[PDB]
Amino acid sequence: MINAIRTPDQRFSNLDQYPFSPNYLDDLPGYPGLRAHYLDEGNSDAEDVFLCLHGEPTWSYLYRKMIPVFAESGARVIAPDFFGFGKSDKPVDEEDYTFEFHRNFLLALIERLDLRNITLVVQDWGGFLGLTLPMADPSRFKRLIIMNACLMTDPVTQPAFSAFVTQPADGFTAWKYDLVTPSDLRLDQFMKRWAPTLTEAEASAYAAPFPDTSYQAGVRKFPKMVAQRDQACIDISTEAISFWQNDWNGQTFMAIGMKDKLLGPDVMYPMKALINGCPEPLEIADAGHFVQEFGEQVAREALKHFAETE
């Protein structure tokens, strides 16, 4: 229905620090003909599941230093690549990627594998979609590890989650420029600029899925979805506040990447207040937007808090 393409498998031969075996589902409901990739790691029978959600413009490769810490703890880690990202398939047209289209895919993935005992792990778009999951089926979520993210709300009801779109000009205005404007978007240069600590090898891992620009339509639509929020996304995200503030009784863990210009403190302190029971965040001073690149430290501490309150 949705014309889509798939990335040559050879694009991933040389990945650094990605020894994970691939799994695929290609029959989600609503998602015909489309194949999705996801990591399934650790004891595939563990009580606890860490569902790890990626954001713009990355993939599961992102969680790569986190995954094993979670597996070695005795958890099963799921870690899906969205349609248009990593190893999943990619619709060719930006008109096909919407907020529901990626959200429904999430709910579909969750039903299908039947996950329970979830410790939701979000950042970026992964949190924007991922934080609307719980109210869908509350009985299946038990914890949350939230890194630099928030809810796509409409200006009035939460100004902090709209404000960063316009100011600073070297924050979200700059991120969106680097993404939707180049005719020749090199995600290795982009990442090396938004994450100065990456090595040339890592950076190249984030361009692997995209050989040419026709593979990038979903890379392209995401910043624009931050900018232009449709009604469903507003209603849904508005409905999520209420759930995190009044319904949620789960355990949480927050880590802030203080060097972030898009979603640092301005956005994280206000989120910390709407999550019923969210404790004193963990401020990572040398980290940017991609907190997961100071990942092990997060994964470790997140599990250390997790047990000290069980």
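All residue numbers refer to positions in the sequence shown, first residue = 1.
The mean Cα B-factor in the deposited entry runs higher for 88-96 than for the other of 167-175 and 88-96. According to the PDB record, 23-31 carries the higher mean C-alpha B-factor of the two stretches 23-31 and 252-260. Across the residues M271, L62, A46, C52, the deposited record lists the maximum Cα B factor for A46.
The PDB entry gives the largest Cα B-factor of the residues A36, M66, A285, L282 to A285. The PDB entry assigns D124 a C-alpha temperature factor belonging to the lowest third of its chain's modelled residues. Residue-level temperature factors show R112 in the highest third of its chain, judged at the C-alpha atom. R186: CA B factor in the highest third of modelled residues in this chain (values from the PDB entry). Sort the chain's modelled residues by C-alpha temperature factor and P196 lands in the middle third, per the entry.
Ranked against the other modelled residues of its chain, the C-alpha B-factor of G74 as given in the entry falls in the highest third.
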